[PDB]
Structure formats: structure tokens, C-alpha cells
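Shown below, as C-alpha cells, is a lone chain in the form deposited in one PDB entry; questions about how it binds or moves come after it.
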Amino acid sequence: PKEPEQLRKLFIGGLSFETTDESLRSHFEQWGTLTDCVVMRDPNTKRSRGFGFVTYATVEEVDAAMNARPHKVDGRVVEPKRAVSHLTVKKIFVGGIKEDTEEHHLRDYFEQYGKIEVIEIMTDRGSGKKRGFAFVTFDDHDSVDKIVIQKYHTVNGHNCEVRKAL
């Protein structure tokens, strides 16, 4: 069936106050079918609040829209983000990797979510032994947002716990 609607929405911040439901839709329809598209406005003045949201038919369409950033909508670069599960960060904690998980295990898996800048496999300050967790830093927050909404992460045969970090 259909992916949950929450996972198909993009919050668009930084809109030009002249962007309308129609111009936001015409822009974002380039990357998929939009089932919803709304500019948020003041209830009394009708003046734009400078943000809005679009809902795609599928998660792959959300991905396509995010991969097409930066988006310049009505002359202004906007800020799309997936809906809250916003804690906008570029780093994840990866736990449950035990002592046999290496850098290449984490890189080969996580590189398909985004461009990796740092992998830090955590070791004991006294003994140097691996502690069984790591941090991965990406160049952009959407990688992290995709990662943390998955129910499961399997890396090196381990079922891992993944959370946003700082």
C-alpha cells in the first residue's frame, strides 16, 4: 500500500512571501506527483508566513526533490526538510556494532544515504578496545533524516541502534 503520509511530506522554509500554493506546486511537481501543496498564511492578513509544505505520492519522489536541492523558488533559495519523527543535524550515533565492525562496513552501508565526511569508531580510552559504537558525520542533514526513520539498520550482520547525535 501507500507509505504513511507523514513520510511523504516536505516542510519548505524560507519561502518568498510572494510564493503561492500554485507557484510552490508548479515548482515541486518537477520531482513527482503532489497530493498536497500549501503555503502557510496569516489567518487575518493572508500575508505569507514564509513557509509551507508539499506532499508527494511516494517516498522516492521526496528523495528526488531532496536530491535536486538547492531549490530556488520564485527567486529565493528555500529550505526543504522532511517532517519531524526538527532537530537538524548531520551526525548519527550507531550502536550495537560490537568489536568486529570496521570502518568499511559502516562506510559501504551509510554512503548510500549521503556523503560521509567522518567515521569515528569508538575505542576505550584505557585499553584501546572497541566499545561497540560509532559516529558517522555526513555533509548534509537529509542523510540523517532518512536514516533515523527506518525501523531497522543491519550492518556487518548486527541489528544496530541509530540515533541523531548532538
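Numbering starts at 1 and runs along the sequence shown.
For the pair 61-69 and 97-105, the record assigns the higher mean C-alpha temperature factor to 97-105.
Across the two stretches, 115-123 and 137-145, the PDB entry reports the greater mean Cα temperature factor for 115-123. Ranking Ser23, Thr154, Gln150, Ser16 by the C-alpha B-factor listed in the PDB entry places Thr154 at the top. Per the deposited record, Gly128 carries the highest C-alpha B-factor of all listed residues (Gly32, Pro43, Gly128, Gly50). The entry lists a Cα temperature factor for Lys81 that places it in the lowest third of the chain's modelled residues.
Beyond the structure shown, there is the form deposited in another entry, which is absent from this document and is the topic of what follows.
Relative to what is shown, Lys151 and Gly13 are closer in the other form; their C-alpha atoms differ in spacing by at least 3 Å.
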